[PDB]
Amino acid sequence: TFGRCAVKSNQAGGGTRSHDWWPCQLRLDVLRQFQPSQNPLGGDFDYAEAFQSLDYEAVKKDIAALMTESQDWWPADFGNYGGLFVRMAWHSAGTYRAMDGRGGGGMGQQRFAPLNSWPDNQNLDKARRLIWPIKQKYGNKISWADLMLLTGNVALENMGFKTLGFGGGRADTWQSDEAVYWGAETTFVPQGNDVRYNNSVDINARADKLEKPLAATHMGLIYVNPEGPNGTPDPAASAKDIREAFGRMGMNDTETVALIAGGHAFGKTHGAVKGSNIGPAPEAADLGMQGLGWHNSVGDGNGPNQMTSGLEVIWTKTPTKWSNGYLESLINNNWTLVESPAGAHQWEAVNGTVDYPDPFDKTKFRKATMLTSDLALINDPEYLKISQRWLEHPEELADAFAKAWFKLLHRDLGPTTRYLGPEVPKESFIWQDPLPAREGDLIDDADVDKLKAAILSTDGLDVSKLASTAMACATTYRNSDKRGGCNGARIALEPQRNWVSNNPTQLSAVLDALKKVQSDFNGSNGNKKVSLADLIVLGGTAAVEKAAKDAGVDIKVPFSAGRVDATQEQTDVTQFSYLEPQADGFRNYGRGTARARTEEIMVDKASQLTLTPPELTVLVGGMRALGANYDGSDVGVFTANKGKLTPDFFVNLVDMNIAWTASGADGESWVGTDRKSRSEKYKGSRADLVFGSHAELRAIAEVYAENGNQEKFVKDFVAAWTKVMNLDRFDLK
């Protein structure tokens, strides 16, 4: 019954489906998302151009104005929506996970399932509805993704906290991103965590054993449970969860305290009535609710009766104005465990001052309150030291919060060249994976011709090695947070240069050779200078062009110059460790895990490269024809003409005279035996054989194996190659 509707529809996809019958079969769904035809703006819409015509200052003025314009259907606390909007922006950005690069605010996914209906996003449907008139006014020139985050940024500034600035540039998306692994639990918070803790309920011991790559302690939360681990009001244990979850989001102790203390300077929580008065979340609500949810049946369901988290906490005596009241209260008050009106665990200063304002009655006041997760910051040795320091030096908190908030909002925006608008901060931050300005003058087509010829006749280089090295550098790209790719030549830097998947001894030889080509050019062409990054890509691109020529297809393989070389200082080894692949199908590297088969990892990577199923397929077949395995092995190299760009991989894979059988106990190695001669002809991996097994992939393999499609194979390969090589080229108009 979980995951099943009581009524079984017989239209619009209703009925038992293929994935119901064979739920373990590989699915290509993630390669069919975000298709141009599904984008109502058109596949060629240029968001950056639209945003640059925007009257940016006017937009912020209108956002600031709205914050104190209370709407009767959801009245503003203290006459100011600032706190609500800060929470909106924080939750949009706060799903980010540094290791796999998923979540974050960069696609505006809060407006779709499942995030629109996660328990932790309760009543943010109201927040999004409040800013819709600004979206309506400025139309396509500001995206929902940008607007949600800008609104929080403007809210901070119009409550007295000056930020570092802001960058736009997040293009909207148009369907739910069903590629994200949020977890395998079949419940939400307050449950939703048996799997991610492997059934452990030892809250201290389990804290640092949260399932990778997850960054929240329950399904449906942003980071942690405000009532403590599994609702246990133990601040010390909560601190361990906080460190774990924020750490998984790429934040350290100082950033973590800064974000929590900075954030909870503002607004309040809502727990005025018990949960049984609350209707279905937006995805489960009736048509009349028109995209909203959590309808509250008590009174008008809003204002004094607001119910969001079940807690009723006001952190400071001025919830609409920046202060040091959070840390002053946290440290100077004595705290007692009490119940909120909705029955949740929170803390109160029962003998403290009665001067915390009521959000709808200026004559009424309350005592100081805190969450268990707030008390965490003084019930951990390291957090306590930071809290103590900043109590005395609030300007240090302000500095750290400005920096951490900027990071939170922009971590997944990608390279600096993507950041739009007139107040992009000038400081270059390590988490932006920064790139320098170019050296010298840009190479032209004559220089490219000369360089191709040199590269293809240089000691230590050949077609196989060049193609492999270029693809290895390219596939670090991931579209979720726009990290990685060939720009920067980071394969030449730590940690990539010593990744086992890069065959470091071969790689050093390849890079030394390309550096020699670079030195020869840069010492002798006036002010023209070429980057190693461009040479890596140009080398692989020249290799592909020659391989095509050798296969009997004359094609001009495009090349876009202008990449620059990152420094090691700009390339944090821990940050880049997150891009290291477990397996890579393009170069026949690696093995799957207990939770993910080799071919599943390949489809996941393909989705991160924005590839369609035909693009994935053509690239694998071509890489095999080129002999481009990471180790130079013959696994999957089903051709007698290694280095020629033929569709032999496909032709031989589907040759029924070859019988395929398991060799390794682990399911990863396969042998292809000629059924006539009974001799072993080939060795294959799961990345190879999936193309002859999965019915949709095999349909594509057949196309390339068909007589007459040799030129088509080359044209398609070259298109896909170009696309992959240029994924990070946001510097190009």
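Here, rigid core means the biggest group of C-alpha atoms that superpose within 1.5 Å across both forms. Heads up: residue numbers just count along the shown sequence, starting at 1.
*Name the stretch, 518-526 or 192-200, whose C-alpha atoms sit farther from the shown form on average in 4 other deposited structures of this protein, taking the rigid core as the superposition reference.*
Comparing 518-526 with 192-200, the larger C-alpha deviation in 4 other deposited structures of this protein belongs to 518-526.
*Which is farther from the shown form in 4 other deposited structures of this protein in C-alpha RMS with the core fitted, 396-404 or 342-350?*
Farther from the shown form on average in 4 other deposited structures of this protein: 342-350.
*Could you settle it for me: does 50-58 or 683-691 have the higher average Cα B factor in the PDB entry?*
So the stretch with the higher mean C-alpha B-factor is 50-58.
*358-366 versus 574-582: which one carries the higher mean Cα B factor per the record?*
Stretch with the higher mean C-alpha B-factor: 358-366.
*asked:* Highest recorded C-alpha temperature factor, please, choosing from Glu348, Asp172, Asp444, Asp120.
replied: Of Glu348, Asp172, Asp444, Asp120, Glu348 has the highest C-alpha B-factor.
*Highest CA temperature factor in the entry: which of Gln71, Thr567, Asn522, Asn588?*
In the PDB entry, the greatest C-alpha B-factor among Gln71, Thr567, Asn522, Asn588 is found at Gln71.
*Would you mind checking where the Cα B-factor of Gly192 ranks among the modelled residues of its chain, as the lowest, middle or highest third?*
Middle third.
_Taking only the Cα B-factors deposited for this chain, tell me whether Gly343 sits in the lowest, middle or highest third._
Ranked within chain, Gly343 CA B lands in the highest tercile.
*Would you mind ranking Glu706 by its C-alpha B-factor against the rest of the chain and naming the third, lowest, middle or highest?*
Its C-alpha B-factor belongs to the middle third of this chain's values.
*Comparing against every modelled residue in the chain, figure out the third that the C-alpha B-factor of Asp433 lands in (lowest, middle or highest).*
Lowest third of the chain for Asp433's C-alpha B-factor.
*For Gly220, the third of its chain into which the C-alpha B factor falls*: Its C-alpha B-factor belongs to the middle third of this chain's values.
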